[PDB]
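Have a look at the structure below before the remarks.
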Amino acid sequence: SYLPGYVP
Amino acid sequence: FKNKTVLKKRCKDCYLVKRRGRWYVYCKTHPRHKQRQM
Amino acid sequence: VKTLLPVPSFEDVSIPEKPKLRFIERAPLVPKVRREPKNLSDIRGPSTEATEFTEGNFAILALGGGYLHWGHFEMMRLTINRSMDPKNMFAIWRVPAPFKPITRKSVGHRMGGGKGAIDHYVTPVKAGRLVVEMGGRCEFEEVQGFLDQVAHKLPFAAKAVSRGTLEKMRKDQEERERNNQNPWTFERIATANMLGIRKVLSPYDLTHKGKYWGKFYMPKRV
Amino acid sequence: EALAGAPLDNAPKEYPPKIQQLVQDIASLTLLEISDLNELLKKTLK
Amino acid sequence: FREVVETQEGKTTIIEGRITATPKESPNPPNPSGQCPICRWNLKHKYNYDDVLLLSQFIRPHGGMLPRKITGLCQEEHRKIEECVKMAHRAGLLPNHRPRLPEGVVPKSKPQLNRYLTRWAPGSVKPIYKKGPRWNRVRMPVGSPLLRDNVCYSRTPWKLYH
Amino acid sequence: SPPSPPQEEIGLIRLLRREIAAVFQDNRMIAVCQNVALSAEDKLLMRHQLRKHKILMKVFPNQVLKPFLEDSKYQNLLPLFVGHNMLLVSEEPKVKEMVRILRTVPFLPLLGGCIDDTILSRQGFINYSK
Amino acid sequence: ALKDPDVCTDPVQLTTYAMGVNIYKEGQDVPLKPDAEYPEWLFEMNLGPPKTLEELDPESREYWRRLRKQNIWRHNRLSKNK
Amino acid sequence: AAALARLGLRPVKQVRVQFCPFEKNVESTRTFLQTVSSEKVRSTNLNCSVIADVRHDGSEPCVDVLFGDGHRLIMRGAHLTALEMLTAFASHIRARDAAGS
Amino acid sequence: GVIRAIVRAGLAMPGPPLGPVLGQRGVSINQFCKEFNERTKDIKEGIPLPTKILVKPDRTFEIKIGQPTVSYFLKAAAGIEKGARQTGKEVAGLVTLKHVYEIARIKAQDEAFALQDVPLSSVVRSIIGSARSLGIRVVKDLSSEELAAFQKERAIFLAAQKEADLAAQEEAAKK
RNA sequence: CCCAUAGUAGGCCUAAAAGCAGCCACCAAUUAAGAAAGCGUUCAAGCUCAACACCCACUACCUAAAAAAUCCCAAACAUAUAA
Ligand SMILES: [K+]
Ligand SMILES: [K+]
Ligand SMILES: [Mg+2]
Ligand SMILES: [Mg+2]
Ligand SMILES: [Mg+2]
Ligand SMILES: [Mg+2]
Ligand SMILES: [Mg+2]
Ligand SMILES: [Mg+2]
Ligand SMILES: [Mg+2]
Ligand SMILES: [Zn+2]
């Protein structure tokens with residue numbers, strides 16, 4: 001559930 | 001302690017430690033090797 | 001199984017009969033009579049003489065301009081000869097003996113009354129000149145230490161170099177100029193008189209291109 | 001192609017399976033056949 | 001993780017080590033090609049000294065840093081987190097990672113001074129008694145130069161010297 | 001990072017890979033003791049007392065011997081080789097001599113090995129001796 | 001005052017007997033045996049200068065024993081100034 | 001070796017190292033044996049006996065140390081590093097030395 | 001500890017250099033001299049023997065005497081009294097492989113080689129190396145006539161060397 | 001970090017030169033260790049380094065200060081979209 005550009 | 005701009009270990013028992021914001025050379029075997037960064 | 005590698009061989013190398021550095025005289029054997037102008041350009045800008053290796057593989061490279069008096073030559077000779085291995089190492093001078101007369105006026109005198117008498121002689125050096133060249137059956141690591149000690153004691157910026165390290169230095173500078181991302185360079189601006197900049201630049205800056213300031217060489221300038 | 005690991009020191013006695021066949025084969029044979037086998041065995045071993 | 005328990009029973013000491021529950025990295029990192037935990041999650045240049053949720057994952061229970069070989073961080077990021085943790089401790093953002101005190105040691109009360117972005121250790125710094133002229137002013141460092149490349153959302157760059 | 005071309009095997013490794021095969025093929029007893037840090041004199045003396053019964057003492061790096069064993073029939077000898085590991089190899093099982101010489105040193109552990117293509121333990125040897 | 005015992009100086013004896021092999025007062029000189037009574041490897045010994053790295057086989061212990069000594073020699077050369 | 005030898009084995013009556021070599025968790029215990037079995041450490045006290053027991057029962061490795069005072073130290077090496085064991089061993093040596101004297 | 005020095009057979013004396021070492025460590029010099037001379041009574045006097053004196057904590061000494069040094073064996077087998085002053089340039093002696101083989105048999109019994117259980121070839125290879133340091137050339141076959149020629153030439157060279165040394169010594173006197 | 005046996009104190013010179021004042025050679029034993037790279041000893045001993053084994057140290061290989069006289073010297077600030 002994390003897209004390629006996801007950042008915490 | 002002798003003030004030194006360039007600190008150099010003079011024997012294998014000399015160790016470099018940074019204390020109170022400056023580098024020191026400490027040596028238990030030969031206390032005369034003790035140096036303070038100037 | 002620690003992997004050993006072939007050791008370099010110096011079987012073809014040959015050591016000259018006189019390995020040590022010869023004595024350099026304080027002043028020329030025939031004293032100069034005609035007093036000469038100061039001519040500070042003789043230590044300004046890039047060197048054109050003695051920039052390449054000749055016989056040896058190691059040397060001290062000048063990184064600034066300056067004058068070498070007899071005191072410097074004695075430091076170089078005694079340090080290198082004492083530290084070098086005569087059997088496996090040889091050293092040659094890459095600079096002439098002191099030849100340019102320096103005049104001094106007698107202490108306490110006022111300005112005027114003609115030029116002063118000749119006091120001592122110096123050797124002008126430019127940045128990029130090899131000052132002492134060493135060779136023989138040795139590696140750069142062996143001679144780098146005492147060569148660096150001598151270089152530190154010279155009146156100009158200097159560094160011990162080898163054929164490999166010298167070439168890498170030049171290749172790195174060429175690469176920096178090629179890959180530089182700054183669209184504006186000192187050469188382009190100066191040679192075109194952009195902004196009328198030549199009103200604050202010397203004619204020498206067209207060839208120095210911002211790398212030389214007085215007697216000082218700036219290696220990081222592109 | 002890979003020899004079996006050593007049996008534990010405290011584990012019960014274990015005998016290889018390949019000999020289990022030999023153990024049974026001897027019982028089937030007759031004494032007269034075993035006797036003839038034995039005469040050749042004793043001489044061969046010397 | 002692995003714990004160690006020392007028990008003295010019947011004038012005999014038994015030293016044993018047990019394997020406790022170990023946390024696992026969250027699944028599906030957004031950048032699987034990343035070579036360290038930071039760049040695997042696209043966190044490079046995007047964390048600060050106050051990001052304790054991030055920083056706390058790389059420190060020991062008593063506040064010490066963890067080795068780079070264990071965490072897998074690169075030298076560049078490992079050094080940034082190292083400084084960030086020191087600033088986090090000095091700012092008081094890690095109240096449950098205090099140094100271990102031997103039995104019978106209650107620290108004497110010390111003046112409370114709220115501080116943040118503290119590069120140096122308070123005790124090792126001298127007063128600036130002579131500020132110097134405007135063209136050679138002695139400056140008070142704020143923050144860390146290791147974080148100079150952090151993403152800047154303002155038009156003014158981070159001032160590291162006040 | 002682009003991987004680096006694998007480093008080509010050194011000629012000493014090959015000679016070691018060939019001598020290991022030979023020691024393992026041309027001998028019967030192949031004990032595996034832990035090469036404890038006995039003095040140089042003691043190690044030489046205990047290696048002379050073993051040579052009296054022509055019980056050789058080999059020493060191979062754990063980075064050549066392991067690959068060999070991995071791909072060889074002795075795949076169960078791997079666990080033994082975690083640390084310093086000398087081999088006590090003889091061409092005919094002379095276990096009782098080795099065992100009594102090995103018992104002069106109380107702290108030198110006999111870890112096992114393989115006699116007659118049978119991987120044994122320490123008690124296996126002490127049983128094959130009796 | 002302390003030196004070795006007198007050595008022989010007879011070509012015949014020095015070529016037909018090993019003079020110093022016998023060290024005991026009561027013993028006799030050790031006569032040299034015929035060529036057939038000595039092992040074959042004795043006469044294949046290298047009586048000249050040491051084999052160089054090029055001559056040695058890269059799959060022999062002698063080759064790598066020679067390279068290790070050369071590397072030690074190089075380390076000593078480099079360390080002398082250090 | 002040198003670090004342990006400097007402290008010495010004066011208050012240690014006997015050191016017993018029990019490990020199963022075929023097991024995969026004995027590396028730390030076996031490393032402990034190598035250090036304590038070094039000539040230097042052994043030479044410090046010649047009355048202390050280093051006993052190496054090799055078993056193939058499959059039990060987990062253990063190190064039992066008996067001091068002259070009568071206290072014992074049991075170190076189970078299945079989940080302990082060699083450095084940790086040697087550090088504990090040295091500390092107990094220091095404790096039992098001062099008590100006797 | 002161990003005291004290791006070369007002591008000539010039957011010629012142990014209380015003077016230096018072994019005596020002082022023995023005294024400093026508490027071993028009686030006279031006792032050792034008696035024991036060493038008695039245990040080296042069957043060996044021709046003047047033979048250099050490497051000795052290993054094991055000193056026990058109560059200052060009771062045990063001596064371990066080995067086979068003579070290889071320098072002696074090679075010099076005796078060549079008929080020479082002193083080695084080359086510049087080995088590799090001057091050949092001071094000439095021996096055969098058979099001589100080296102006979103020496104190896106005796107030297108192989110020394111505890112240094114014996115405890116290593118090395119083949120006699122290894123001892124022969126070592127002796128050849130020591131010969132190359134003494135100036136002695138190992139040859140496959142030597143005749144009585146070839147040895148006389150070499151001895152004649154070597155005598156001339158040695159005589160000239162004495163004259164050169166005398167010149168230097170005489171020059172030093174004039175200095 | 002770890003670890004160090006041996007031909008042999010190589011010969012030469014030297015009152016003595018034993019790896020280590022000088023000169024020549026610099027071969028060889030052991031799986032592994034230079035006829036010795038740095039200390040040391042009157043000469044020796046003695047402590048390291050290059051060896052083996054163990055095994056991921058998984059090294060940076062760019063350098064480096066400060067002192068004056070009436071009283072420091074704007075206040076301050078690391079965070080909101082280049083104007
Ligand atoms: K300078
Ligand atoms: K000497
Ligand atoms: Mg030697
Ligand atoms: Mg000598
Ligand atoms: Mg010498
Ligand atoms: Mg000396
Ligand atoms: Mg060797
Ligand atoms: Mg020594
Ligand atoms: Mg080492
Ligand atoms: Zn020191």
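Chain identifiers are assigned alphabetically (A, B, ...) following the order of the sequence lines, protein sequences preceding nucleic acid strands; residue numbering begins at 1 within each chain.
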* **For atom CZ of G/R65 and atom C1' of J/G34, their distance in whole Å** => 15 Å
* To do: Say whether, by atom type as modelled, one donor and one acceptor occur between the side chain of C/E142 and the main chain of C/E139 under 3.5 angstrom.
  => yes
Does [X] get its side chain close enough to the base of [N], under 3.5 Å, for a donor-acceptor pair?
X      : N     : value
E/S154 : J/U81 : no
E/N48  : J/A78 : yes
E/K159 : J/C77 : yes
I/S133 : J/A35 : yes

* Asked: Would you say J/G11 has OP1 or OP2 under 4.0 Å from some side-chain N or O of I/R132?
  -> no
* State whether F/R47 places a side-chain N or O below 4.0 Å from either non-bridging phosphate oxygen (OP1 or OP2) of J/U31. => yes
* How about F/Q34 and H/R30: does a side-chain donor come under 3.5 Å of a side-chain acceptor? -> yes
* To do: May I ask you to decide whether G/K51 forms a salt bridge with G/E62, counting only side-chain N to carboxylate O separations under 4.0 Å?
  => no
* To do: Sequence neighbours left out, what passes salt bridge (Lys or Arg N to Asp or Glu O under 4.0 Å) with I/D110? Give chain and number order.
  => none
* Asked: When the nearest nucleotide of RNA chain J is assigned to I/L134 and to I/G88 on a heavy-atom basis, which residue is associated with the more 5' position?
  -> I/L134
* Closest-nucleotide ordering on RNA chain J, the 5'-leading residue of I/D165 and I/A5 -> I/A5
[X] near the nucleic acid: base, sugar-phosphate alone, or nothing, with a heavy-atom cut-off under 4.0 Å?
X      : answer
E/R155 : base
G/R77  : nothing
I/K107 : sugar-phosphate

* Determine the Euclidean distance between corresponding P atoms of J/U48 and J/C2; express it in Å to zero decimal places. => 11 Å
* Can you tell me how far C1' in J/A25 sits from the matching atom in J/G10, rounded to whole Å? -> 9 Å
* To do: For the side chain of I/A112, starting at C-beta, report the closest nucleotide among J/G7, J/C27, J/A75.
  => J/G7
* To do: Verify whether the ring centers belonging to F/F60 and F/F68 lie closer than 6.0 Å.
  => no
* Asked: Of all the base pairs, Watson-Crick or G-U under 3.5 Å, which form stems of three or more consecutive pairs involving RNA chain J?
  -> none
* To do: Answer yes or no for this row: G/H75 ring on J/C49 base, centroids under 5.5 Å, planes under 30°.
  => no
